Amino acid sequence: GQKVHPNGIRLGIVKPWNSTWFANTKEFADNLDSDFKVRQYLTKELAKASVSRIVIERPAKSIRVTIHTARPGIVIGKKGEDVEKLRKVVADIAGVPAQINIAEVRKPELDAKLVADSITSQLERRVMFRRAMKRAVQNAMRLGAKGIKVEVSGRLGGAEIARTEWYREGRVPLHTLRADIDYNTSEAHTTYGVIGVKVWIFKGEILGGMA
Amino acid sequence: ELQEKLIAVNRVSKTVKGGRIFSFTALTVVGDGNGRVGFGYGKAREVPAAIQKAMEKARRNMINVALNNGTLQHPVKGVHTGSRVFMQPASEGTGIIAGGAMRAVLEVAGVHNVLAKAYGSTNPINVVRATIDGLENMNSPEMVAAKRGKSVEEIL
Amino acid sequence: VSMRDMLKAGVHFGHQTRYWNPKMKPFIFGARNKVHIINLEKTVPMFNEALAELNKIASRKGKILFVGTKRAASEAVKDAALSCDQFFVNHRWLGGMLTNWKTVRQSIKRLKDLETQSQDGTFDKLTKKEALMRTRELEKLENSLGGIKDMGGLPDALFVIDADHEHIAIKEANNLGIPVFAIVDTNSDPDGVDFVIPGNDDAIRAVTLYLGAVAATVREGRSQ
RNA sequence: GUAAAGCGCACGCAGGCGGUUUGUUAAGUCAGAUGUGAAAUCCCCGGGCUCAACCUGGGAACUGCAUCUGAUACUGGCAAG
RNA sequence: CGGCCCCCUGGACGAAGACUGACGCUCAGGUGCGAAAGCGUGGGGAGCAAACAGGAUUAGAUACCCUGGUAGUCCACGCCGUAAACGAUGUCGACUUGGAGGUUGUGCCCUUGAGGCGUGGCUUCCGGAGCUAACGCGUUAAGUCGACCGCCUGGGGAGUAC
Ligand SMILES: [Mg+2]
Ligand SMILES: [Mg+2]
Ligand SMILES: [Mg+2]
Ligand SMILES: [Mg+2]
Ligand SMILES: [Mg+2]
Ligand SMILES: [Mg+2]
Ligand SMILES: [Mg+2]
Ligand SMILES: [Mg+2]
Ligand SMILES: [Mg+2]
Ligand SMILES: [Mg+2]
Ligand SMILES: [Mg+2]
Ligand SMILES: [Mg+2]
Ligand SMILES: [Mg+2]
Ligand SMILES: [Mg+2]
Ligand SMILES: [Mg+2]
Ligand SMILES: [Mg+2]
Ligand SMILES: [Mg+2]
Ligand SMILES: [Mg+2]
Ligand SMILES: [Mg+2]
Ligand SMILES: [Mg+2]
Ligand SMILES: [Mg+2]
Ligand SMILES: [Mg+2]
Ligand SMILES: [Mg+2]
Ligand SMILES: [Mg+2]
Ligand SMILES: [Mg+2]
Ligand SMILES: [Mg+2]
Ligand SMILES: [Zn+2]
């Protein structure tokens with residue numbers, strides 16, 4: 001059967017939101033619209049910086065955006081030039097004084113978004129998928145992950161009938177709310193069709209509530 | 001330096017309510033080419049792990065064989081299940097004249113000149129079981145001397 | 001142990017003539033009241049020669065596993081192992097325990113982790129029911145692996161009480177080449193015991209005699 | 001036994017086989033010797049066609065048969081148990 | 001092969017002793033016996049019951065069910081000679097760990113009814129080695145071996161044609 005979105009259910013227990021501003025119903029909708037379009041713009045512009053999450057927090061007169069990338073030197077380019085450029089850009093979109101403060105991810109193989117998009121980038125380069133997923137899980141657990149499950153669905157190897165293939169290793173206890181299970185979904189558009197990948201990475205129970 | 005040898009890889013199946021799932025059984029043989037040889041038979045959902053665990057099992061259970069100069073000491077006819085094997089020592093430089101299963105077992109055990117035939121079923125698993133036990137039943141001259149309380153040249 | 005020392009304890013006792021095993025004929029003095037009588041003339045020298053080997057093993061830093069699952073004699077065998085700082089199995093034998101050494105290591109690690117966790121803390125972080133459940137699992141694991149938590153590598157010698165009851169253990173040992181020292185009643189099959197002691201295996205007094213003598217010689221072998 | 005295959009069961013002639021000891025016989029059996037088993041062909045060592053195929057010298061083999069002389073453990077015959 | 005009794009008659013087993021002295025095993029052809037159904041002649045025929053008659057059900061019921069009911073079922077004498085005639089396991093002999101029984105002999109010791117030591121015959125169920133494709137067999141072998149006989153050579157055609 002269907003399964004609840006693992007990140008969406010652990011928001012209260014172990015997962016922080018990705019947009020932590022506050023606003024009453026008067027300007028709630030347009031805040032959402034602005035931040036949606038700005039994060040989609042950033043994704044489209046940093047399709048090579050290998051960004052994992054774009055958290056957005058708004059002071060009353062300002063917009064603050066924190067990027068989580070595996071390649072900090074890339075997004076900041078040379079002497080922080082391009083980051084200032086895109087700061088001007090987000091200033092345009094939000095229509096608001098903007099500030100960008102990048103943040104790095106030390107274990108890029110331990111980021112469901114990162115490993116999922118890597119899997120998709122491999123698939124679109126026409127590589128046998130089983131190799132991709134098993135390499136990903138091996139790398140992840142070699143970097144000391146309590147567990148990881150990878151899942152690919154679609155016309156794998158240009159199959160006329162779409163199949164579902166997954167591979168789990170370690171512990172991935174979705175039902176335990178206390179578990180730090182990072183999850184993300186990516187899609188790869190090939191000539192045959194669009195292939196969907198899902199990644200769960202369990203990094204250990206978090207005893208002691210949210211904080 | 002243990003010589004290994006894959007000799008059979010079959011795909012077996014088992015039916016379940018949703019569908020019939022498939023597994024692979026690998027029958028392999030291992031031998032130091034110096035009178036020690038074992039055989040392994042592994043099962044796995046896919047062939048490489050199957051042959052891996054088959055060779056692992058074959059690394060244990062390696063029996064000893066009292067050959068001499070890369071050949072047997074006397075004709076031997078081992079029988080296992082529906083397969084009966086007949087092996088006979090041959091002159092120097094004749095080679096391994098045997099079926100593929102028997103040839104694998106023999107050449108990995110280290111015998112160099114022998115004549116073999118396989119009567120009955122040629123099912124490789126039973127064939128290798130038969131020939132391995134038959135090899136285990138050989139009797140070196142000094143073994144006979146011991147169990148008969150005589151000198152070896154007395155038997156010769 | 002002297003023949004008189006055994007006889008008073010009752011080492012000469014054996015299972016009914018109705019229930020005996022064929023290979024035990026050489027070790028059987030005779031029958032009385034339809035009861036098999038074990039011959040101490042064979043029992044004493046074999047036990048002494050086994051004590052020699054046990055002293056040798058312990059004097060080369062050997063790890064000794066005392067084995068017995070009798071509900072009467074479990075505590076006796078456990079205390080016997082403690083008196084010589086040796087590992088022990090006093091509860092029902094687990095199938096393939098030596099063969100699945102890798103599997104047991106995870107259980108020992110879990111037992112060590114649970115005891116370490118209780119001392120370290122985080123039980124307060126766990127719910128009171130969860131902390132109690134962790135303690136119950138630790139207690140169950142201690143009841144399961146109290147003797148072999150400090151086993152380290154596979155043992156160097158085995159001492160077995162009622163070898164017929166513990167036949168899985170001896171089959172494993174022979175499969176590993178680990179020597180078996182066992183008290184073998186008339187109903188047992190003596191093939192699996194490399195140093196076989198034919199004697200009563202139920203009576204508390206004779207069992208304690210075996211264990212005490214073995215442990216004295218093991219401490220002696222350790223002392224050097 | 002269930003894959004092809006124990007007659008439904010029994011008696012019983014011919015036939016096949018036959019407990020144990022001693023003696024004799026030598027039929028079977030074994031050993032030796034002799035005679036014979038055409039040549040070619042097969043095999044081995046050589047020789048001649050420029051090589052080979054082919055031809056060819058010598059040998060080996062022809063595992064058989066027969067006769068005679070012995071052997072007597074085993075089977076057969078005879079006699080006594 | 002099943003009430004009881006009488007008359008005639010076959011085999012088996014046990015104890016002890018005597019007797020003969022290989023007189024034995026198997027058996028192609030041959031001979032005999034041989035469930036049920038069936039055939040011939042003649043009796044007998046209560047119950048049961050192919051066929052058949054009828055009533056229901058059903059498209060139909062030519063079946064199952066119901067009401068009847070003939071041959072047959074029984075006896076005498078012949079004939080038939082076939083059955084999943086099966087343990088789907090030919091006969092005879094020898095040897096090979098155990099346990100629980102049933103039945104039928106028989107010896108010794110007991111104070112004996114009892115009871116305990118033994119020793120035979122047949123028979124049942126487990127199970128060791130061993131064997132078997134496996135199932136299973138397992139001292140009553142499907143184990144280990146001898147002697148002789150019968151039988152088999154892919155499935156149909158066909159146990160049919162002549
Ligand atoms: Mg739901
Ligand atoms: Mg065949
Ligand atoms: Mg059939
Ligand atoms: Mg048949
Ligand atoms: Mg019959
Ligand atoms: Mg004779
Ligand atoms: Mg005759
Ligand atoms: Mg001659
Ligand atoms: Mg000629
Ligand atoms: Mg020439
Ligand atoms: Mg004679
Ligand atoms: Mg007389
Ligand atoms: Mg006949
Ligand atoms: Mg009739
Ligand atoms: Mg009539
Ligand atoms: Mg009439
Ligand atoms: Mg009627
Ligand atoms: Mg009608
Ligand atoms: Mg009459
Ligand atoms: Mg018939
Ligand atoms: Mg028949
Ligand atoms: Mg037979
Ligand atoms: Mg007969
Ligand atoms: Mg049985
Ligand atoms: Mg045909
Ligand atoms: Mg006909
Ligand atoms: Zn006991």
# chains A, B, ... in the order shown; residues from 1 in each chain; ligands from 1

$ residues_near_ligand --ligand "ligand 21" --cutoff "9 Å" --atoms "only C-alpha atoms (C1' of nucleotides) and all ligand atoms" --output "PyMOL selection string"
(chain D and resi 6-8) or (chain E and resi 85-86+88)

$ write_last_selection --atoms "N, CA, C and O atoms (P, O5', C5', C4', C3', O3' and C1' of nucleotides)" --output "PDB file, in the first residue's frame"
ATOM      1  P     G D   6       4.839 -59.257 -13.654  1.00  0.00           P
ATOM      2  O5'   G D   6       5.334 -59.717 -12.220  1.00  0.00           O
ATOM      3  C5'   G D   6       6.390 -60.653 -12.096  1.00  0.00           C
ATOM      4  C4'   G D   6       5.946 -61.877 -11.348  1.00  0.00           C
ATOM      5  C3'   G D   6       5.429 -61.610  -9.951  1.00  0.00           C
ATOM      6  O3'   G D   6       4.512 -62.645  -9.604  1.00  0.00           O
ATOM      7  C1'   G D   6       7.403 -62.888  -9.818  1.00  0.00           C
ATOM      8  P     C D   7       3.016 -62.637 -10.191  1.00  0.00           P
ATOM      9  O5'   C D   7       3.162 -63.204 -11.668  1.00  0.00           O
ATOM     10  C5'   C D   7       3.686 -64.503 -11.915  1.00  0.00           C
ATOM     11  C4'   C D   7       2.926 -65.200 -13.012  1.00  0.00           C
ATOM     12  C3'   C D   7       1.723 -66.015 -12.550  1.00  0.00           C
ATOM     13  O3'   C D   7       0.706 -65.948 -13.542  1.00  0.00           O
ATOM     14  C1'   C D   7       3.237 -67.422 -13.674  1.00  0.00           C
ATOM     15  P     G D   8      -0.678 -65.220 -13.203  1.00  0.00           P
ATOM     16  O5'   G D   8      -1.004 -65.705 -11.726  1.00  0.00           O
ATOM     17  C5'   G D   8      -1.142 -64.774 -10.666  1.00  0.00           C
ATOM     18  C4'   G D   8      -1.650 -65.455  -9.425  1.00  0.00           C
ATOM     19  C3'   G D   8      -0.804 -66.617  -8.928  1.00  0.00           C
ATOM     20  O3'   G D   8       0.245 -66.187  -8.082  1.00  0.00           O
ATOM     21  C1'   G D   8      -3.065 -67.279  -9.054  1.00  0.00           C
TER      22        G D   8
ATOM     23  P     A E  85      -7.096 -58.834  -6.480  1.00  0.00           P
ATOM     24  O5'   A E  85      -6.826 -60.060  -7.453  1.00  0.00           O
ATOM     25  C5'   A E  85      -5.549 -60.673  -7.515  1.00  0.00           C
ATOM     26  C4'   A E  85      -5.604 -62.101  -7.034  1.00  0.00           C
ATOM     27  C3'   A E  85      -4.321 -62.898  -7.155  1.00  0.00           C
ATOM     28  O3'   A E  85      -3.417 -62.644  -6.100  1.00  0.00           O
ATOM     29  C1'   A E  85      -6.125 -64.182  -7.960  1.00  0.00           C
ATOM     30  P     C E  86      -1.882 -62.325  -6.423  1.00  0.00           P
ATOM     31  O5'   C E  86      -1.559 -61.055  -5.528  1.00  0.00           O
ATOM     32  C5'   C E  86      -0.965 -61.197  -4.245  1.00  0.00           C
ATOM     33  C4'   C E  86      -1.168 -59.964  -3.403  1.00  0.00           C
ATOM     34  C3'   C E  86      -2.593 -59.752  -2.905  1.00  0.00           C
ATOM     35  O3'   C E  86      -2.554 -59.062  -1.659  1.00  0.00           O
ATOM     36  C1'   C E  86      -1.963 -57.936  -4.255  1.00  0.00           C
ATOM     37  P     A E  88       0.988 -54.348  -1.637  1.00  0.00           P
ATOM     38  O5'   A E  88       1.025 -54.691  -3.184  1.00  0.00           O
ATOM     39  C5'   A E  88       2.186 -55.260  -3.769  1.00  0.00           C
ATOM     40  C4'   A E  88       1.821 -56.222  -4.862  1.00  0.00           C
ATOM     41  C3'   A E  88       2.962 -56.565  -5.797  1.00  0.00           C
ATOM     42  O3'   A E  88       2.739 -57.850  -6.374  1.00  0.00           O
ATOM     43  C1'   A E  88       1.336 -55.273  -6.950  1.00  0.00           C
TER      44        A E  88
END

$ residues_around --residues "residue 2 of chain D" --least-positions-apart "4" --cutoff "12 Å" --atoms "only C-alpha atoms (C1' of nucleotides)" --output "PyMOL selection string"
chain E and resi 88-89+133-136+142

$ atom_distance --atom1 "atom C1' of residue 18 of chain D" --atom2 "atom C1' of residue 81 of chain D"
18.7 Å

$ interface_residues --of "chain C" --to "chain A" --cutoff "10 Å" --atoms "only C-alpha atoms" --output "number ranges by chain"
C: 122-127

$ write_last_selection --atoms "C-alpha atoms" --output "JSON list (two decimals), in the first residue's frame"
[["chain", "number", "residue", "atom", "x", "y", "z"],
["C", 122, "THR", "CA", 20.22, 7.66, 28.28],
["C", 123, "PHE", "CA", 17.77, 5.38, 30.14],
["C", 124, "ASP", "CA", 16.14, 8.68, 31.25],
["C", 125, "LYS", "CA", 15.99, 9.68, 27.53],
["C", 126, "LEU", "CA", 14.20, 6.33, 26.89],
["C", 127, "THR", "CA", 10.54, 6.09, 28.05]]

$ residues_near_ligand --ligand "ligand 25" --cutoff "8 Å" --atoms "only C-alpha atoms (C1' of nucleotides) and all ligand atoms" --output "PyMOL selection string"
chain E and resi 154-156

$ write_last_selection --atoms "N, CA, C and O atoms (P, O5', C5', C4', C3', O3' and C1' of nucleotides)" --output "PDB file, in the first residue's frame"
ATOM      1  P     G E 154      11.604 -51.172 -26.055  1.00  0.00           P
ATOM      2  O5'   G E 154      10.643 -50.325 -25.117  1.00  0.00           O
ATOM      3  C5'   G E 154      11.126 -49.736 -23.925  1.00  0.00           C
ATOM      4  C4'   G E 154      10.455 -48.413 -23.670  1.00  0.00           C
ATOM      5  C3'   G E 154       8.970 -48.363 -23.967  1.00  0.00           C
ATOM      6  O3'   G E 154       8.171 -48.903 -22.935  1.00  0.00           O
ATOM      7  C1'   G E 154      10.007 -46.519 -24.965  1.00  0.00           C
ATOM      8  P     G E 155       6.729 -49.511 -23.286  1.00  0.00           P
ATOM      9  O5'   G E 155       5.860 -48.236 -23.657  1.00  0.00           O
ATOM     10  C5'   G E 155       5.639 -47.208 -22.708  1.00  0.00           C
ATOM     11  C4'   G E 155       4.685 -46.183 -23.249  1.00  0.00           C
ATOM     12  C3'   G E 155       3.443 -46.751 -23.898  1.00  0.00           C
ATOM     13  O3'   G E 155       2.457 -47.085 -22.946  1.00  0.00           O
ATOM     14  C1'   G E 155       4.376 -45.093 -25.295  1.00  0.00           C
ATOM     15  P     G E 156       1.338 -48.169 -23.305  1.00  0.00           P
ATOM     16  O5'   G E 156       0.355 -47.373 -24.262  1.00  0.00           O
ATOM     17  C5'   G E 156      -0.376 -48.050 -25.262  1.00  0.00           C
ATOM     18  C4'   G E 156      -0.737 -47.126 -26.390  1.00  0.00           C
ATOM     19  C3'   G E 156      -1.447 -47.777 -27.557  1.00  0.00           C
ATOM     20  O3'   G E 156      -2.829 -47.950 -27.323  1.00  0.00           O
ATOM     21  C1'   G E 156       0.294 -46.418 -28.365  1.00  0.00           C
TER      22        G E 156
END

$ atom_distance --atom1 "atom CA of residue 133 of chain B" --atom2 "atom CA of residue 76 of chain B"
10.0 Å

$ residues_near_ligand --ligand "ligand 22" --cutoff "12 Å" --atoms "only C-alpha atoms (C1' of nucleotides) and all ligand atoms" --output "PyMOL selection string"
(chain D and resi 1+5-6) or (chain E and resi 89-91+141-142+149-151)

$ write_last_selection --atoms "C-alpha atoms (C1' of nucleotides)" --output "PDB file, in the first residue's frame"
ATOM      1  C1'   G D   1       7.173 -53.470  -4.315  1.00  0.00           C
ATOM      2  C1'   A D   5       8.690 -56.943 -15.795  1.00  0.00           C
ATOM      3  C1'   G D   6       7.403 -62.888  -9.818  1.00  0.00           C
TER       4        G D   6
ATOM      5  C1'   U E  89       7.521 -58.561  -3.197  1.00  0.00           C
ATOM      6  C1'   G E  90       8.967 -66.696  -7.117  1.00  0.00           C
ATOM      7  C1'   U E  91      10.981 -71.081  -4.282  1.00  0.00           C
ATOM      8  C1'   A E 141      14.847 -57.472   4.138  1.00  0.00           C
ATOM      9  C1'   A E 142      13.425 -54.475  -0.576  1.00  0.00           C
ATOM     10  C1'   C E 149      12.744 -71.091 -12.550  1.00  0.00           C
ATOM     11  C1'   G E 150       9.333 -67.160 -14.632  1.00  0.00           C
ATOM     12  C1'   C E 151       9.335 -62.485 -16.683  1.00  0.00           C
TER      13        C E 151
END

$ residues_near_ligand --ligand "ligand 14" --cutoff "12 Å" --atoms "only C-alpha atoms (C1' of nucleotides) and all ligand atoms" --output "PyMOL selection string"
chain E and resi 35-39+72-74+80

$ write_last_selection --atoms "N, CA and C atoms (P, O5', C5', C4', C3', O3' and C1' of nucleotides)" --output "PDB file, in the first residue's frame"
ATOM      1  P     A E  35     -12.934 -71.193  -7.099  1.00  0.00           P
ATOM      2  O5'   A E  35     -13.346 -69.769  -6.523  1.00  0.00           O
ATOM      3  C5'   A E  35     -13.080 -69.448  -5.168  1.00  0.00           C
ATOM      4  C4'   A E  35     -13.416 -68.014  -4.847  1.00  0.00           C
ATOM      5  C3'   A E  35     -14.700 -67.469  -5.437  1.00  0.00           C
ATOM      6  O3'   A E  35     -15.838 -67.870  -4.704  1.00  0.00           O
ATOM      7  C1'   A E  35     -12.965 -65.873  -5.660  1.00  0.00           C
ATOM      8  P     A E  36     -17.164 -68.327  -5.473  1.00  0.00           P
ATOM      9  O5'   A E  36     -17.649 -67.006  -6.205  1.00  0.00           O
ATOM     10  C5'   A E  36     -18.085 -65.887  -5.455  1.00  0.00           C
ATOM     11  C4'   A E  36     -18.213 -64.668  -6.327  1.00  0.00           C
ATOM     12  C3'   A E  36     -19.067 -64.836  -7.568  1.00  0.00           C
ATOM     13  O3'   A E  36     -20.449 -64.721  -7.305  1.00  0.00           O
ATOM     14  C1'   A E  36     -17.039 -63.824  -8.166  1.00  0.00           C
ATOM     15  P     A E  37     -21.491 -65.661  -8.076  1.00  0.00           P
ATOM     16  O5'   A E  37     -21.536 -65.048  -9.538  1.00  0.00           O
ATOM     17  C5'   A E  37     -21.926 -63.704  -9.745  1.00  0.00           C
ATOM     18  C4'   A E  37     -21.470 -63.213 -11.090  1.00  0.00           C
ATOM     19  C3'   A E  37     -21.985 -63.996 -12.280  1.00  0.00           C
ATOM     20  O3'   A E  37     -23.287 -63.612 -12.668  1.00  0.00           O
ATOM     21  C1'   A E  37     -19.662 -63.705 -12.492  1.00  0.00           C
ATOM     22  P     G E  38     -24.381 -64.732 -13.004  1.00  0.00           P
ATOM     23  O5'   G E  38     -23.800 -65.449 -14.298  1.00  0.00           O
ATOM     24  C5'   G E  38     -23.566 -64.711 -15.484  1.00  0.00           C
ATOM     25  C4'   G E  38     -22.838 -65.531 -16.513  1.00  0.00           C
ATOM     26  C3'   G E  38     -23.471 -66.860 -16.871  1.00  0.00           C
ATOM     27  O3'   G E  38     -24.545 -66.719 -17.780  1.00  0.00           O
ATOM     28  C1'   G E  38     -21.152 -67.147 -16.552  1.00  0.00           C
ATOM     29  P     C E  39     -25.781 -67.737 -17.728  1.00  0.00           P
ATOM     30  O5'   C E  39     -25.234 -69.028 -18.468  1.00  0.00           O
ATOM     31  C5'   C E  39     -24.686 -68.933 -19.771  1.00  0.00           C
ATOM     32  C4'   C E  39     -24.112 -70.250 -20.209  1.00  0.00           C
ATOM     33  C3'   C E  39     -24.996 -71.457 -19.969  1.00  0.00           C
ATOM     34  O3'   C E  39     -25.988 -71.611 -20.963  1.00  0.00           O
ATOM     35  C1'   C E  39     -22.802 -71.933 -19.255  1.00  0.00           C
ATOM     36  P     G E  72     -31.458 -69.244 -12.868  1.00  0.00           P
ATOM     37  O5'   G E  72     -30.288 -68.521 -12.075  1.00  0.00           O
ATOM     38  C5'   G E  72     -29.036 -68.271 -12.693  1.00  0.00           C
ATOM     39  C4'   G E  72     -28.294 -67.176 -11.975  1.00  0.00           C
ATOM     40  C3'   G E  72     -27.902 -67.480 -10.539  1.00  0.00           C
ATOM     41  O3'   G E  72     -26.680 -68.184 -10.460  1.00  0.00           O
ATOM     42  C1'   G E  72     -28.949 -65.364 -10.645  1.00  0.00           C
ATOM     43  P     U E  73     -26.457 -69.306  -9.339  1.00  0.00           P
ATOM     44  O5'   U E  73     -26.449 -68.488  -7.981  1.00  0.00           O
ATOM     45  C5'   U E  73     -25.448 -67.519  -7.721  1.00  0.00           C
ATOM     46  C4'   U E  73     -25.794 -66.716  -6.499  1.00  0.00           C
ATOM     47  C3'   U E  73     -26.097 -67.534  -5.257  1.00  0.00           C
ATOM     48  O3'   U E  73     -24.921 -67.872  -4.546  1.00  0.00           O
ATOM     49  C1'   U E  73     -27.790 -65.911  -5.580  1.00  0.00           C
ATOM     50  P     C E  74     -24.332 -69.363  -4.599  1.00  0.00           P
ATOM     51  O5'   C E  74     -25.430 -70.235  -3.854  1.00  0.00           O
ATOM     52  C5'   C E  74     -25.649 -70.098  -2.461  1.00  0.00           C
ATOM     53  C4'   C E  74     -26.593 -71.159  -1.966  1.00  0.00           C
ATOM     54  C3'   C E  74     -26.291 -72.562  -2.456  1.00  0.00           C
ATOM     55  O3'   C E  74     -25.308 -73.202  -1.671  1.00  0.00           O
ATOM     56  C1'   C E  74     -28.587 -72.097  -2.757  1.00  0.00           C
ATOM     57  P     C E  80     -13.309 -76.882 -18.890  1.00  0.00           P
ATOM     58  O5'   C E  80     -13.511 -75.307 -18.848  1.00  0.00           O
ATOM     59  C5'   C E  80     -14.060 -74.611 -19.954  1.00  0.00           C
ATOM     60  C4'   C E  80     -14.595 -73.271 -19.529  1.00  0.00           C
ATOM     61  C3'   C E  80     -13.569 -72.317 -18.945  1.00  0.00           C
ATOM     62  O3'   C E  80     -12.924 -71.570 -19.954  1.00  0.00           O
ATOM     63  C1'   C E  80     -15.498 -72.391 -17.562  1.00  0.00           C
TER      64        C E  80
END

$ residues_near_ligand --ligand "ligand 26" --cutoff "10 Å" --atoms "only C-alpha atoms (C1' of nucleotides) and all ligand atoms" --output "MDAnalysis selection string"
chainID E and resid 158:161

$ residues_around --residues "residue 84 of chain B" --least-positions-apart "4" --cutoff "9 Å" --atoms "only C-alpha atoms (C1' of nucleotides)" --output "list in words"
residues 77, 78, 79, 80, 117, 118, 119, 120, 121, 122, 126, 127, 130 and 131 of chain B

$ select_by_dssp --residues "segment 43-176 of chain C" --states "helix (DSSP H, G or I)" --output "PyMOL selection string"
chain C and resi 43-59+74-82+101-120+128-145+167-176

$ residues_around --residues "residue 97 of chain B" --least-positions-apart "4" --cutoff "7 Å" --atoms "only C-alpha atoms (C1' of nucleotides)" --output "list in words"
residues 114, 115 and 116 of chain B

$ write_last_selection --atoms "N, CA and C atoms" --output "PDB file, in the first residue's frame"
ATOM      1  N   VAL B 114      44.670 -41.080 -16.576  1.00  0.00           N
ATOM      2  CA  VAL B 114      43.599 -41.929 -16.072  1.00  0.00           C
ATOM      3  C   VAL B 114      42.599 -42.143 -17.193  1.00  0.00           C
ATOM      4  N   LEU B 115      41.843 -43.231 -17.106  1.00  0.00           N
ATOM      5  CA  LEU B 115      40.730 -43.496 -18.003  1.00  0.00           C
ATOM      6  C   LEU B 115      39.466 -43.594 -17.168  1.00  0.00           C
ATOM      7  N   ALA B 116      38.449 -42.825 -17.534  1.00  0.00           N
ATOM      8  CA  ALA B 116      37.224 -42.795 -16.756  1.00  0.00           C
ATOM      9  C   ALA B 116      36.027 -42.972 -17.671  1.00  0.00           C
TER      10      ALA B 116
END

$ interface_residues --of "chain C" --to "chain E" --cutoff "12 Å" --atoms "only C-alpha atoms (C1' of nucleotides)" --output "compact mmCIF listing (two decimals) with N, CA, C and O atoms, in the first residue's frame"
# COMPACT_ATOMS: atom_id res chain seq x y z
N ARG C 18 18.14 -51.71 31.31
CA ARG C 18 17.23 -51.52 30.15
C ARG C 18 17.82 -50.46 29.22
O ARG C 18 17.69 -50.63 27.99
N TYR C 19 18.43 -49.40 29.77
CA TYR C 19 18.89 -48.28 28.92
C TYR C 19 20.42 -48.14 28.90
O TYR C 19 20.94 -47.35 29.72
N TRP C 20 21.11 -48.85 28.01
CA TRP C 20 22.54 -48.65 27.83
C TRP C 20 22.93 -48.53 26.37
O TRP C 20 22.17 -48.89 25.46
N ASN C 21 24.15 -48.04 26.12
CA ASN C 21 24.66 -47.86 24.73
C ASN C 21 25.73 -48.92 24.45
O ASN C 21 26.55 -49.18 25.35
N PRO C 22 25.83 -49.49 23.22
CA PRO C 22 26.75 -50.62 22.95
C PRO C 22 28.25 -50.42 23.19
O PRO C 22 28.87 -51.34 23.68
N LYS C 23 28.79 -49.24 22.87
CA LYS C 23 30.26 -49.02 22.99
C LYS C 23 30.69 -48.95 24.46
O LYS C 23 31.91 -48.97 24.70

$ atom_distance --atom1 "atom CA of residue 69 of chain B" --atom2 "atom CA of residue 111 of chain B"
7.6 Å

$ residues_near_ligand --ligand "ligand 9" --cutoff "10 Å" --atoms "only C-alpha atoms (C1' of nucleotides) and all ligand atoms" --output "list in words"
residues 37, 38, 39, 40, 41, 61 and 62 of chain D

$ write_last_selection --atoms "C-alpha atoms (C1' of nucleotides)" --output "PDB file, in the first residue's frame"
ATOM      1  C1'   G D  37      46.974 -72.431 -37.839  1.00  0.00           C
ATOM      2  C1'   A D  38      48.203 -70.613 -46.817  1.00  0.00           C
ATOM      3  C1'   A D  39      49.772 -66.040 -48.834  1.00  0.00           C
ATOM      4  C1'   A D  40      48.037 -61.299 -48.596  1.00  0.00           C
ATOM      5  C1'   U D  41      45.748 -58.110 -44.915  1.00  0.00           C
ATOM      6  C1'   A D  61      50.877 -61.790 -34.418  1.00  0.00           C
ATOM      7  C1'   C D  62      47.321 -65.425 -36.208  1.00  0.00           C
TER       8        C D  62
END

$ residues_near_ligand --ligand "ligand 8" --cutoff "12 Å" --atoms "only C-alpha atoms (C1' of nucleotides) and all ligand atoms" --output "list in words"
residues 29, 30, 31, 32, 33, 34, 65, 66, 67, 68, 69, 70 and 71 of chain D

$ select_by_dssp --residues "segment 7-206 of chain A" --states "strand (DSSP E)" --output "VMD selection string"
chain A and resid 51 to 57 63 to 69 98 to 100 103 to 104 147 to 154 163 to 170 179 to 189 194 to 205

$ residues_around --residues "residue 56 of chain C" --least-positions-apart "4" --cutoff "7 Å" --atoms "only C-alpha atoms (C1' of nucleotides)" --output "list in words"
residues 52, 60 and 221 of chain C

$ residues_around --residues "residue 41 of chain B" --least-positions-apart "4" --cutoff "12 Å" --atoms "only C-alpha atoms (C1' of nucleotides)" --output "PyMOL selection string"
chain B and resi 5-10+24-30+47+49-61+124-126+128-129
